[PDB]
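Structure below is final09.cif: mmCIF, C-alpha atoms.
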```cif
data_model
#
loop_
_atom_site.label_atom_id
_atom_site.label_comp_id
_atom_site.auth_asym_id
_atom_site.auth_seq_id
_atom_site.Cartn_x
_atom_site.Cartn_y
_atom_site.Cartn_z
CA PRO K 1 -1.05 -14.02 -18.87
CA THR K 2 -4.26 -11.94 -18.98
CA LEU K 3 -4.25 -8.79 -16.79
CA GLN K 4 -7.16 -9.25 -14.38
CA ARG K 5 -6.40 -6.54 -11.81
CA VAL K 6 -4.41 -3.34 -11.69
CA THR K 7 -3.07 -1.69 -8.59
CA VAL K 8 -3.49 2.03 -8.79
CA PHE K 9 -1.59 4.83 -6.99
CA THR K 10 -3.04 8.31 -7.11
CA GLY K 11 -3.44 11.48 -5.12
CA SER K 12 -5.83 12.03 -2.25
CA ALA K 13 -6.28 15.52 -3.81
CA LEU K 14 -8.32 16.20 -7.01
CA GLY K 15 -5.81 18.64 -8.56
CA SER K 16 -6.08 22.25 -9.93
CA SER K 17 -8.04 21.25 -13.06
CA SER K 18 -10.94 18.91 -13.68
CA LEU K 19 -8.78 17.20 -16.37
CA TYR K 20 -7.27 14.79 -13.77
CA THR K 21 -10.73 13.58 -12.76
CA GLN K 22 -11.65 13.06 -16.42
CA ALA K 23 -8.40 11.16 -17.23
CA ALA K 24 -9.14 8.90 -14.22
CA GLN K 25 -12.78 8.18 -15.34
CA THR K 26 -11.69 7.40 -18.83
CA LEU K 27 -8.95 5.12 -17.57
CA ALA K 28 -11.46 3.25 -15.42
CA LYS K 29 -14.01 2.80 -18.26
CA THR K 30 -11.30 1.54 -20.55
CA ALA K 31 -10.06 -0.90 -17.94
CA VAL K 32 -13.58 -2.14 -17.20
CA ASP K 33 -14.29 -2.61 -20.93
CA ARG K 34 -10.98 -4.69 -21.10
CA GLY K 35 -12.11 -6.97 -18.18
CA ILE K 36 -9.75 -5.45 -15.56
CA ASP K 37 -10.61 -4.71 -11.87
CA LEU K 38 -9.19 -2.15 -9.53
CA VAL K 39 -6.94 -2.67 -6.53
CA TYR K 40 -6.15 0.51 -4.62
CA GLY K 41 -5.74 1.88 -1.07
CA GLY K 42 -9.43 2.11 -0.15
CA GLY K 43 -9.86 5.91 0.14
CA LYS K 44 -12.84 8.06 -0.74
CA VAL K 45 -11.37 11.53 -1.30
CA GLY K 46 -9.47 13.00 -4.24
CA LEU K 47 -8.56 11.03 -7.32
CA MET K 48 -8.66 7.88 -5.17
CA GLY K 49 -12.41 8.26 -4.71
CA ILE K 50 -12.86 9.35 -8.29
CA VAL K 51 -11.11 6.26 -9.77
CA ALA K 52 -12.83 3.72 -7.45
CA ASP K 53 -16.28 5.19 -8.14
CA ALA K 54 -15.43 5.19 -11.83
CA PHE K 55 -14.67 1.51 -11.88
CA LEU K 56 -17.88 0.73 -9.90
CA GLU K 57 -20.15 3.03 -11.88
CA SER K 58 -18.68 1.47 -15.09
CA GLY K 59 -19.89 -1.87 -13.72
CA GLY K 60 -16.46 -3.15 -12.59
CA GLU K 61 -15.10 -4.27 -9.21
CA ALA K 62 -12.96 -2.28 -6.84
CA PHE K 63 -10.79 -3.80 -4.06
CA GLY K 64 -9.57 -1.53 -1.26
CA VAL K 65 -6.72 -2.29 1.17
CA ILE K 66 -6.39 -0.17 4.23
CA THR K 67 -4.77 -0.24 7.73
CA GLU K 68 -6.60 -0.51 10.93
CA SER K 69 -5.54 3.14 11.89
CA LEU K 70 -6.78 4.68 8.62
CA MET K 71 -10.13 2.87 9.10
CA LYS K 72 -10.63 4.28 12.63
CA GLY K 73 -10.06 7.77 11.16
CA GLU K 74 -13.15 7.21 8.92
CA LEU K 75 -10.97 7.28 5.73
CA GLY K 76 -12.39 4.06 4.20
CA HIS K 77 -14.67 3.92 1.23
CA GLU K 78 -18.01 2.30 2.08
CA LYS K 79 -19.39 0.89 -1.20
CA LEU K 80 -16.41 -1.13 -2.52
CA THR K 81 -16.70 -4.68 -3.76
CA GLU K 82 -14.41 -5.35 -0.78
CA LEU K 83 -12.42 -3.40 1.76
CA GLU K 84 -9.61 -5.45 3.37
CA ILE K 85 -8.46 -4.16 6.75
CA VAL K 86 -4.84 -5.18 7.59
CA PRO K 87 -2.83 -4.46 10.77
CA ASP K 88 -0.11 -2.12 9.34
CA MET K 89 1.23 -0.22 6.32
CA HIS K 90 3.94 -2.88 5.52
CA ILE K 91 1.11 -5.43 5.18
CA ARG K 92 -1.07 -3.02 3.25
CA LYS K 93 1.54 -2.26 0.61
CA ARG K 94 2.54 -5.89 0.17
CA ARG K 95 -1.16 -6.88 -0.17
CA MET K 96 -1.75 -4.18 -2.76
CA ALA K 97 1.20 -5.61 -4.69
CA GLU K 98 0.02 -9.23 -4.40
CA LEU K 99 -3.54 -8.47 -5.55
CA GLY K 100 -2.54 -6.59 -8.73
CA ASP K 101 -1.15 -7.88 -11.97
CA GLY K 102 0.56 -4.55 -12.66
CA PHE K 103 0.83 -1.09 -11.25
CA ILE K 104 -0.50 2.23 -12.54
CA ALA K 105 0.64 5.60 -11.19
CA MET K 106 -1.74 8.46 -11.89
CA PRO K 107 -1.21 12.06 -10.81
CA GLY K 108 -0.64 12.51 -7.03
CA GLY K 109 1.55 13.98 -4.28
CA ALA K 110 4.21 12.65 -1.92
CA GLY K 111 2.27 9.43 -1.18
CA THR K 112 1.90 8.38 -4.78
CA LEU K 113 5.60 8.95 -5.38
CA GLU K 114 6.48 6.97 -2.28
CA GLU K 115 4.36 4.03 -3.42
CA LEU K 116 5.91 4.20 -6.84
CA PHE K 117 9.46 4.33 -5.53
CA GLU K 118 8.68 1.47 -3.22
CA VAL K 119 7.73 -0.85 -6.11
CA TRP K 120 10.86 0.23 -7.99
CA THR K 121 12.96 -0.48 -4.94
CA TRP K 122 11.43 -3.97 -4.70
CA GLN K 123 12.13 -4.62 -8.38
CA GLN K 124 15.85 -3.69 -7.90
CA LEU K 125 15.74 -6.44 -5.21
CA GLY K 126 14.10 -9.15 -7.46
CA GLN K 127 8.35 -8.37 -11.39
CA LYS K 128 5.12 -6.94 -12.82
CA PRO K 129 4.65 -4.01 -15.22
CA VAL K 130 4.56 -0.42 -13.93
CA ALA K 131 2.91 2.28 -16.03
CA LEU K 132 2.93 6.00 -15.48
CA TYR K 133 -0.33 7.49 -16.73
CA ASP K 134 1.22 10.66 -18.16
CA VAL K 135 -1.94 12.82 -17.99
CA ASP K 136 -1.03 16.28 -19.38
CA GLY K 137 2.71 15.32 -19.21
CA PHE K 138 2.45 14.98 -15.42
CA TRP K 139 5.23 12.40 -15.24
CA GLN K 140 7.71 14.23 -17.56
CA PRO K 141 9.77 16.00 -14.88
CA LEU K 142 10.14 12.61 -13.09
CA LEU K 143 11.36 10.91 -16.28
CA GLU K 144 14.03 13.65 -16.53
CA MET K 145 15.05 12.96 -12.90
CA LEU K 146 15.24 9.22 -13.71
CA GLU K 147 17.26 9.74 -16.88
CA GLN K 148 19.61 12.03 -14.94
CA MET K 149 19.92 9.31 -12.27
CA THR K 150 20.82 6.77 -15.02
CA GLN K 151 23.50 9.03 -16.60
CA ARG K 152 25.01 9.58 -13.13
CA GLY K 153 25.14 5.80 -12.63
CA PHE K 154 22.62 5.45 -9.78
CA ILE K 155 20.08 3.38 -11.80
CA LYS K 156 20.81 0.82 -14.52
CA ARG K 157 19.95 1.57 -18.15
CA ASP K 158 17.78 -1.57 -18.03
CA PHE K 159 15.16 0.50 -16.12
CA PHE K 160 13.95 2.08 -19.37
CA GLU K 161 13.59 -1.29 -21.10
CA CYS K 162 10.81 -2.30 -18.58
CA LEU K 163 8.92 0.97 -17.91
CA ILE K 164 5.60 1.95 -19.46
CA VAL K 165 4.82 5.65 -19.95
CA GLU K 166 1.57 6.59 -21.80
CA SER K 167 -0.89 9.47 -21.75
CA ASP K 168 -3.57 7.47 -23.61
CA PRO K 169 -5.54 4.94 -21.49
CA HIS K 170 -6.30 2.43 -24.29
CA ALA K 171 -2.58 2.38 -25.14
CA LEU K 172 -1.43 2.43 -21.50
CA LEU K 173 -3.45 -0.74 -20.76
CA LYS K 174 -2.62 -2.57 -24.03
CA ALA K 175 1.10 -2.01 -23.24
CA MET K 176 0.75 -3.62 -19.79
CA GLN K 177 -0.84 -6.62 -21.45
CA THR K 178 1.82 -6.94 -24.20
CA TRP K 179 4.63 -6.24 -21.73
CA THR K 180 7.94 -7.47 -23.32
CA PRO K 181 10.59 -6.79 -20.60
CA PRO K 182 14.14 -8.31 -20.60
CA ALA K 183 14.45 -11.87 -19.15
CA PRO K 184 15.34 -12.02 -15.33
CA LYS K 185 19.00 -13.15 -15.98
CA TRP K 186 19.59 -9.78 -17.78
CA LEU K 187 18.05 -7.81 -14.83
CA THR C 1 19.53 15.94 30.05
CA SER C 2 16.15 17.17 31.11
CA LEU C 3 13.07 15.50 29.63
CA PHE C 4 11.74 19.06 28.84
CA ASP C 5 14.89 20.19 26.94
CA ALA C 6 14.09 20.82 23.27
CA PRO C 7 15.77 18.42 20.81
CA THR C 8 19.11 19.14 19.13
CA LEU C 9 20.87 17.81 16.10
CA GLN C 10 23.07 15.02 17.53
CA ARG C 11 22.44 12.44 14.82
CA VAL C 12 21.63 12.61 11.18
CA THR C 13 19.96 9.79 9.33
CA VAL C 14 21.46 9.58 5.90
CA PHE C 15 19.84 8.11 2.78
CA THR C 16 22.19 7.37 -0.10
CA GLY C 17 23.00 4.99 -2.97
CA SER C 18 24.42 1.47 -2.85
CA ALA C 19 26.18 2.55 -6.05
CA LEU C 20 29.13 5.00 -6.12
CA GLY C 21 27.88 6.77 -9.20
CA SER C 22 29.74 7.49 -12.43
CA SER C 23 32.08 10.18 -10.98
CA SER C 24 34.35 10.44 -7.91
CA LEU C 25 32.70 13.76 -7.00
CA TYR C 26 29.91 11.93 -5.17
CA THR C 27 32.38 10.02 -2.99
CA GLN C 28 34.36 13.14 -2.19
CA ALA C 29 31.18 15.09 -1.44
CA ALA C 30 30.17 12.33 0.97
CA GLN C 31 33.53 12.47 2.74
CA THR C 32 33.42 16.25 3.08
CA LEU C 33 29.92 15.94 4.46
CA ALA C 34 30.95 13.28 7.02
CA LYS C 35 33.95 15.38 8.23
CA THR C 36 31.87 18.55 8.70
CA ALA C 37 29.27 16.61 10.64
CA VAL C 38 31.83 14.92 12.94
CA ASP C 39 33.62 18.25 13.49
CA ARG C 40 30.31 19.59 14.82
CA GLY C 41 29.79 16.60 17.11
CA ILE C 42 27.19 14.97 14.81
CA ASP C 43 26.94 11.17 14.26
CA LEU C 44 25.61 8.91 11.46
CA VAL C 45 22.49 6.81 11.35
CA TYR C 46 22.16 4.94 8.05
CA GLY C 47 20.96 1.71 6.48
CA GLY C 48 24.11 -0.34 7.32
CA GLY C 49 25.61 -1.13 3.90
CA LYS C 50 29.22 -1.41 2.90
CA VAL C 51 29.02 -0.57 -0.85
CA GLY C 52 28.56 2.60 -2.77
CA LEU C 53 28.11 5.89 -1.02
CA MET C 54 26.56 4.00 1.89
CA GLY C 55 30.03 2.41 2.47
CA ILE C 56 31.81 5.69 1.78
CA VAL C 57 29.76 7.83 4.21
CA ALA C 58 29.91 5.17 7.00
CA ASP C 59 33.72 4.89 6.56
CA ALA C 60 34.24 8.64 6.51
CA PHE C 61 32.36 9.27 9.78
CA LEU C 62 34.30 6.42 11.35
CA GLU C 63 37.68 7.54 10.00
CA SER C 64 37.15 11.16 11.19
CA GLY C 65 36.58 10.02 14.81
CA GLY C 66 32.76 9.72 14.79
CA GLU C 67 30.30 6.93 15.49
CA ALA C 68 28.21 5.32 12.73
CA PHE C 69 24.95 3.47 13.53
CA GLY C 70 23.52 1.05 10.98
CA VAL C 71 19.99 -0.41 10.78
CA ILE C 72 19.59 -3.45 8.50
CA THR C 73 17.19 -6.44 8.17
CA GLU C 74 17.83 -10.18 8.48
CA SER C 75 17.11 -10.54 4.73
CA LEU C 76 19.80 -8.07 3.59
CA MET C 77 22.09 -9.40 6.36
CA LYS C 78 21.87 -13.02 5.15
CA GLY C 79 22.82 -11.38 1.83
CA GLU C 80 26.36 -10.64 3.24
CA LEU C 81 25.60 -6.86 2.76
CA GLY C 82 26.14 -5.52 6.32
CA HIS C 83 29.07 -3.30 7.27
CA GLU C 84 31.44 -5.03 9.75
CA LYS C 85 33.12 -2.17 11.65
CA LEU C 86 30.29 0.18 12.70
CA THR C 87 29.87 1.46 16.23
CA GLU C 88 26.68 -0.61 16.10
CA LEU C 89 24.72 -2.60 13.54
CA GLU C 90 21.06 -3.14 14.50
CA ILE C 91 19.38 -6.16 12.79
CA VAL C 92 15.55 -5.88 12.78
CA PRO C 93 12.92 -8.34 11.50
CA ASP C 94 11.72 -6.37 8.39
CA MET C 95 12.08 -3.29 6.23
CA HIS C 96 9.19 -1.52 7.93
CA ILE C 97 10.91 -1.73 11.29
CA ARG C 98 14.19 -0.75 9.64
CA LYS C 99 12.74 2.60 8.41
CA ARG C 100 10.90 3.33 11.61
CA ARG C 101 14.18 2.80 13.56
CA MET C 102 16.26 4.98 11.24
CA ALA C 103 13.69 7.75 11.74
CA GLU C 104 13.53 7.28 15.53
CA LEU C 105 17.33 7.33 15.96
CA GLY C 106 18.04 10.46 13.88
CA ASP C 107 17.37 14.07 14.75
CA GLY C 108 17.23 14.96 11.07
CA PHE C 109 17.43 13.51 7.55
CA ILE C 110 19.85 14.02 4.66
CA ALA C 111 19.29 12.54 1.22
CA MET C 112 22.47 12.30 -0.83
CA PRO C 113 22.61 11.08 -4.41
CA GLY C 114 21.30 7.57 -4.87
CA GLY C 115 18.78 5.41 -6.62
CA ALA C 116 15.22 4.25 -6.06
CA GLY C 117 15.77 3.15 -2.44
CA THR C 118 17.07 6.58 -1.57
CA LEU C 119 14.19 8.36 -3.27
CA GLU C 120 11.68 6.06 -1.59
CA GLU C 121 13.14 6.79 1.87
CA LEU C 122 12.95 10.51 1.17
CA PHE C 123 9.30 10.46 0.11
CA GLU C 124 8.56 8.21 3.06
CA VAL C 125 9.75 10.81 5.59
CA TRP C 126 7.78 13.52 3.74
CA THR C 127 4.62 11.46 3.68
CA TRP C 128 5.20 11.20 7.47
CA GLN C 129 6.08 14.90 7.97
CA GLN C 130 2.67 16.08 6.64
CA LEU C 131 0.74 13.89 9.08
CA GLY C 132 2.90 15.31 11.96
CA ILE C 133 4.43 11.97 13.12
CA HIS C 134 7.74 13.82 13.27
CA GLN C 135 8.89 17.39 12.62
CA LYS C 136 12.57 17.04 11.87
CA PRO C 137 14.55 18.89 9.17
CA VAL C 138 14.89 17.13 5.79
CA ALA C 139 17.83 18.22 3.66
CA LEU C 140 18.77 17.48 0.06
CA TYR C 141 22.54 17.41 -0.39
CA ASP C 142 22.63 18.84 -3.90
CA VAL C 143 25.96 17.45 -5.15
CA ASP C 144 26.37 18.75 -8.77
CA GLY C 145 22.69 19.83 -8.89
CA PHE C 146 21.60 16.17 -8.39
CA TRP C 147 18.31 17.07 -6.82
CA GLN C 148 17.40 19.87 -9.26
CA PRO C 149 15.13 17.75 -11.49
CA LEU C 150 13.14 16.40 -8.51
CA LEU C 151 12.63 19.94 -7.28
CA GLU C 152 11.17 20.76 -10.69
CA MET C 153 8.88 17.78 -10.33
CA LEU C 154 7.79 18.97 -6.87
CA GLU C 155 7.32 22.56 -8.04
CA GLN C 156 5.03 21.20 -10.81
CA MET C 157 3.14 18.96 -8.43
CA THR C 158 2.57 22.08 -6.25
CA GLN C 159 1.24 24.10 -9.22
CA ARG C 160 -1.09 21.23 -10.30
CA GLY C 161 -2.61 21.17 -6.73
CA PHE C 162 -1.25 17.81 -5.38
CA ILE C 163 1.14 19.23 -2.70
CA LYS C 164 0.69 22.32 -0.50
CA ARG C 165 3.14 25.21 -1.25
CA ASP C 166 3.45 25.52 2.54
CA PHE C 167 4.91 22.03 2.89
CA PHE C 168 7.43 22.26 0.01
CA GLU C 169 9.12 25.45 1.31
CA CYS C 170 10.73 24.40 4.68
CA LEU C 171 12.90 21.96 2.71
CA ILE C 172 16.70 22.43 3.02
CA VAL C 173 18.55 22.16 -0.31
CA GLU C 174 22.35 22.77 -0.36
CA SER C 175 25.40 21.76 -2.42
CA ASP C 176 27.73 22.95 0.36
CA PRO C 177 28.05 20.69 3.43
CA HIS C 178 28.68 23.58 5.79
CA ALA C 179 25.58 25.35 4.57
CA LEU C 180 23.57 22.09 4.73
CA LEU C 181 24.44 21.17 8.35
CA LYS C 182 24.20 24.80 9.46
CA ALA C 183 20.69 25.02 8.06
CA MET C 184 19.71 21.73 9.86
CA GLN C 185 21.22 23.03 13.21
CA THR C 186 19.33 26.39 13.13
CA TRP C 187 16.07 24.93 11.73
CA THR C 188 12.70 25.05 13.58
CA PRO C 189 9.05 24.24 12.77
#
```
Exercise: express the given structure as structure tokens:
Amino acid sequence: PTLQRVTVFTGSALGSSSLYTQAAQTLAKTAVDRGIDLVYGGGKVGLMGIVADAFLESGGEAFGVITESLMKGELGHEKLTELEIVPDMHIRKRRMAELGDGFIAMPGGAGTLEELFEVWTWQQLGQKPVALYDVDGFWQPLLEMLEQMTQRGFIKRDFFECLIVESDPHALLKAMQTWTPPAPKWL
Amino acid sequence: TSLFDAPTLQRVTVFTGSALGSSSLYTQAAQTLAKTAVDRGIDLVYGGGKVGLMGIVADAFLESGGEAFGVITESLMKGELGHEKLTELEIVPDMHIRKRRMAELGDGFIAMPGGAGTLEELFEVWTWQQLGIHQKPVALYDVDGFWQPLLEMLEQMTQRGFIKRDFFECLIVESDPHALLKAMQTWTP
């Protein structure tokens, strides 16, 4: 059905170039023009803050999910549509997954990769689209790692028949909406 | 031993695939790694499986005279997936607790070839390392240059300003098991 929310993973740093910020803002505008809200981890620094603000300033809604510990460290964004506090990181990540209709990974560090690998681990274990927003070819070295992992027999070929990889935000989001994966019995 | 003694490398927590991979090299590399570790008095903490390189590495520590500790969840256990001849198999309520326990039990971390689960565990300990919740050596067992493309990825992430060059560079990467364990034994923060 209609994508209503996307769950977004992205760095708590801005990056070396203002191009990451701009790719985030554009992605948010595009999503908000398509009727799509933001679910994310409730931060205010780096690309996390940039994308949440972008959704809000574009006139959309932004839903944050954060742990009680992160909140007490003052890490929580204070003008979201809603900030859910949950007791621990297991709950946080599962809640982020339940709220979204799909996942988008933008540029980030260790944390973003962890989140992304976590959803891929859950999908091995039995189902929503995952898109890599390939801003400036950011995700290309990862796709090479993943292809190498498939050739070496550690991931099934079927991985590539489900994955979305796009550098253009209009096309990234349209592809999540028209997501034609293989039927569960093949996975 | 004294509560003020500094830690040593008595256990390694190993992350690895529930597949064997498309060549026997991975299996043999796991066995050579297990033997080296046991010969140095080092034991296995791992996720408790009996298939793929998980099964191989567990079996090889056992069959060389070492102990192997597994940490698994009720879910995966009801799945018939637990190994049945470990020194101990700990069943915990959820996957969160599983990963916390694997970290707590090990004095260091090795990531061998594997899939998404293995990668996730590796990025999990890193995400923890750079908030200081532990400072334990993390080693990539580079069987046939397996980890080389991820290192490229990480190098690029460091150039684009998303990871600190400081953090990246205390990472052990070795194809040779001797060199890998040696580096983890002599490592400090």
Neighbour list for residue C:22 as an MDAnalysis selection string, cut-off 9 Å, only C-alpha atoms, skip fewer than 4 positions in-chain
(chainID K and resid 151:154) or (chainID C and resid 26)
For those residues, write C-alpha atoms to a file as a CSV table (one decimal), keeping the file's coordinate frame.
```csv
chain,number,residue,atom,x,y,z
K,151,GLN,CA,23.5,9.0,-16.6
K,152,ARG,CA,25.0,9.6,-13.1
K,153,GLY,CA,25.1,5.8,-12.6
K,154,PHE,CA,22.6,5.4,-9.8
C,26,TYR,CA,29.9,11.9,-5.2
```
Residue hits in chain C, query chain K, radius 10 Å, all atoms listed in the file, as a compact mmCIF listing (two decimals) with C-alpha atoms, keeping the file's coordinate frame:
```txt
# COMPACT_ATOMS: atom_id res chain seq x y z
CA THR C 16 22.19 7.37 -0.10
CA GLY C 17 23.00 4.99 -2.97
CA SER C 18 24.42 1.47 -2.85
CA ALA C 19 26.18 2.55 -6.05
CA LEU C 20 29.13 5.00 -6.12
CA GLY C 21 27.88 6.77 -9.20
CA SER C 22 29.74 7.49 -12.43
CA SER C 23 32.08 10.18 -10.98
CA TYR C 26 29.91 11.93 -5.17
CA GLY C 52 28.56 2.60 -2.77
CA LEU C 76 19.80 -8.07 3.59
CA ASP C 94 11.72 -6.37 8.39
CA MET C 95 12.08 -3.29 6.23
CA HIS C 96 9.19 -1.52 7.93
CA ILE C 97 10.91 -1.73 11.29
CA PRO C 113 22.61 11.08 -4.41
CA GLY C 114 21.30 7.57 -4.87
CA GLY C 115 18.78 5.41 -6.62
CA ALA C 116 15.22 4.25 -6.06
CA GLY C 117 15.77 3.15 -2.44
CA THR C 118 17.07 6.58 -1.57
CA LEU C 119 14.19 8.36 -3.27
CA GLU C 120 11.68 6.06 -1.59
CA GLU C 121 13.14 6.79 1.87
CA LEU C 122 12.95 10.51 1.17
CA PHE C 123 9.30 10.46 0.11
CA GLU C 124 8.56 8.21 3.06
CA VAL C 125 9.75 10.81 5.59
CA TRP C 126 7.78 13.52 3.74
CA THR C 127 4.62 11.46 3.68
CA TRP C 128 5.20 11.20 7.47
CA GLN C 130 2.67 16.08 6.64
CA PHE C 146 21.60 16.17 -8.39
CA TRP C 147 18.31 17.07 -6.82
CA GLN C 148 17.40 19.87 -9.26
CA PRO C 149 15.13 17.75 -11.49
CA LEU C 150 13.14 16.40 -8.51
CA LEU C 151 12.63 19.94 -7.28
CA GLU C 152 11.17 20.76 -10.69
CA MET C 153 8.88 17.78 -10.33
CA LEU C 154 7.79 18.97 -6.87
CA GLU C 155 7.32 22.56 -8.04
CA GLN C 156 5.03 21.20 -10.81
CA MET C 157 3.14 18.96 -8.43
CA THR C 158 2.57 22.08 -6.25
CA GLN C 159 1.24 24.10 -9.22
CA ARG C 160 -1.09 21.23 -10.30
CA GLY C 161 -2.61 21.17 -6.73
CA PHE C 162 -1.25 17.81 -5.38
CA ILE C 163 1.14 19.23 -2.70
CA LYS C 164 0.69 22.32 -0.50
```
If the PyMOL selection byres ((chain C and resi 12) around 12) were run on this exact file, what residues would it hold? Put them as an MDAnalysis selection string.
chainID C and resid 8:11 13:15 33:34 37:38 40:47 57:58 61 67:70 102:111 136:139 180:181 184:185
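Atom to atom, atom CA of residue K:58 and atom CA of residue K:26 stand 9.9 Å apart.
Going from atom CA of residue C:30 to atom CA of residue C:86 covers 16.9 Å.
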Atom CA of residue K:173 and atom CA of residue K:31 are how many Å apart?
7.2 Å
Can you list, as a PyMOL selection string, the residues that the PyMOL selection byres ((chain C and resi 173) around 7) selects here?
chain C and resi 139-142+171-172+174
Neighbourhood query: residues within 7 Å of (-3.5, -4.0, 6.7), file coordinates, counting all atoms listed in the file; return as a PyMOL selection string.
chain K and resi 65-68+85-89+91-92
Residues at most 8 Å from residue K:180, counting all atoms listed in the file, excluding those fewer than 2 positions away in the same chain, as a PyMOL selection string?
chain K and resi 162+178+182
Applied to this file, what does the PyMOL selection byres ((chain C and resi 72) around 6) return in terms of residues, put as a JSON list (two decimals) with C-alpha atoms, in the frame of the given file?
```json
[["chain", "number", "residue", "atom", "x", "y", "z"],
["C", 47, "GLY", "CA", 20.96, 1.71, 6.48],
["C", 48, "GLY", "CA", 24.11, -0.34, 7.32],
["C", 71, "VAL", "CA", 19.99, -0.41, 10.78],
["C", 73, "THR", "CA", 17.19, -6.44, 8.17],
["C", 91, "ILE", "CA", 19.38, -6.16, 12.79]]
```
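Nearest to residue C:189 of all the residues C:85, C:101, C:62, C:7 is C:7, counting only C-alpha atoms.
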Between K:54, K:172, K:23, K:83, which one has atoms that come closest to residue K:71, using only C-alpha atoms?
K:83
Just want the 12 Å neighbourhood of residue K:40, counted on all atoms listed in the file, with same-chain residues fewer than 6 positions away dropped. Output as a short mmCIF file (atom, residue, chain, number, x, y, z; two decimals) with C-alpha atoms, in the coordinates of the input.
```
data_model
loop_
_atom_site.label_atom_id
_atom_site.label_comp_id
_atom_site.auth_asym_id
_atom_site.auth_seq_id
_atom_site.Cartn_x
_atom_site.Cartn_y
_atom_site.Cartn_z
CA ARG K 5 -6.40 -6.54 -11.81
CA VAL K 6 -4.41 -3.34 -11.69
CA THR K 7 -3.07 -1.69 -8.59
CA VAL K 8 -3.49 2.03 -8.79
CA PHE K 9 -1.59 4.83 -6.99
CA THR K 10 -3.04 8.31 -7.11
CA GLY K 11 -3.44 11.48 -5.12
CA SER K 12 -5.83 12.03 -2.25
CA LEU K 47 -8.56 11.03 -7.32
CA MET K 48 -8.66 7.88 -5.17
CA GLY K 49 -12.41 8.26 -4.71
CA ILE K 50 -12.86 9.35 -8.29
CA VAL K 51 -11.11 6.26 -9.77
CA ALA K 52 -12.83 3.72 -7.45
CA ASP K 53 -16.28 5.19 -8.14
CA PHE K 55 -14.67 1.51 -11.88
CA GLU K 61 -15.10 -4.27 -9.21
CA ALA K 62 -12.96 -2.28 -6.84
CA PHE K 63 -10.79 -3.80 -4.06
CA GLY K 64 -9.57 -1.53 -1.26
CA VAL K 65 -6.72 -2.29 1.17
CA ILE K 66 -6.39 -0.17 4.23
CA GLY K 76 -12.39 4.06 4.20
CA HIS K 77 -14.67 3.92 1.23
CA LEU K 80 -16.41 -1.13 -2.52
CA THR K 81 -16.70 -4.68 -3.76
CA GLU K 82 -14.41 -5.35 -0.78
CA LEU K 83 -12.42 -3.40 1.76
CA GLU K 84 -9.61 -5.45 3.37
CA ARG K 92 -1.07 -3.02 3.25
CA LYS K 93 1.54 -2.26 0.61
CA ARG K 94 2.54 -5.89 0.17
CA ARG K 95 -1.16 -6.88 -0.17
CA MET K 96 -1.75 -4.18 -2.76
CA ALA K 97 1.20 -5.61 -4.69
CA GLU K 98 0.02 -9.23 -4.40
CA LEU K 99 -3.54 -8.47 -5.55
CA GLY K 100 -2.54 -6.59 -8.73
CA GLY K 102 0.56 -4.55 -12.66
CA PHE K 103 0.83 -1.09 -11.25
CA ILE K 104 -0.50 2.23 -12.54
CA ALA K 105 0.64 5.60 -11.19
CA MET K 106 -1.74 8.46 -11.89
CA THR K 112 1.90 8.38 -4.78
CA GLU K 115 4.36 4.03 -3.42
#
```
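Take the candidates K:126, K:73, K:60, K:41 and check each one against residue K:4 using only C-alpha atoms; the shortest distance goes to K:60.
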Residues near residue K:175, anyone? I mean within 12 Å using only C-alpha atoms, not counting same-chain ones fewer than 4 positions away, as an MDAnalysis selection string.
chainID K and resid 3 102 104 129:133 162:171 179:181
Each side padded by 3 Å, which centre and which edge lengths in Å (one decimal) define the axis-aligned box around the listed atoms of stretch 168-173 of chain C? Give them as lines of an AutoDock Vina configuration file.
```
center_x = 13.0
center_y = 23.7
center_z = 2.2
size_x = 17.1
size_y = 9.5
size_z = 11.0
```
Fill-in result for stretch 140-147 of chain K, N, CA and C atoms as a short mmCIF file (atom, residue, chain, number, x, y, z; two decimals), keeping the file's coordinate frame:
```cif
data_model
loop_
_atom_site.label_atom_id
_atom_site.label_comp_id
_atom_site.auth_asym_id
_atom_site.auth_seq_id
_atom_site.Cartn_x
_atom_site.Cartn_y
_atom_site.Cartn_z
N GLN K 140 6.50 13.85 -16.78
CA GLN K 140 7.71 14.23 -17.56
C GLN K 140 8.89 14.71 -16.72
N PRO K 141 8.67 15.61 -15.73
CA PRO K 141 9.77 16.00 -14.88
C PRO K 141 10.44 14.81 -14.11
N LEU K 142 9.64 13.85 -13.65
CA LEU K 142 10.14 12.61 -13.09
C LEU K 142 11.02 11.78 -14.05
N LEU K 143 10.58 11.62 -15.29
CA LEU K 143 11.36 10.91 -16.28
C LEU K 143 12.72 11.57 -16.52
N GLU K 144 12.78 12.90 -16.53
CA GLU K 144 14.03 13.65 -16.53
C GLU K 144 14.90 13.38 -15.28
N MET K 145 14.30 13.35 -14.09
CA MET K 145 15.05 12.96 -12.90
C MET K 145 15.66 11.54 -13.05
N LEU K 146 14.84 10.60 -13.53
CA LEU K 146 15.24 9.22 -13.71
C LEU K 146 16.33 8.98 -14.77
N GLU K 147 16.22 9.70 -15.86
CA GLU K 147 17.26 9.74 -16.88
C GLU K 147 18.54 10.34 -16.33
#
```
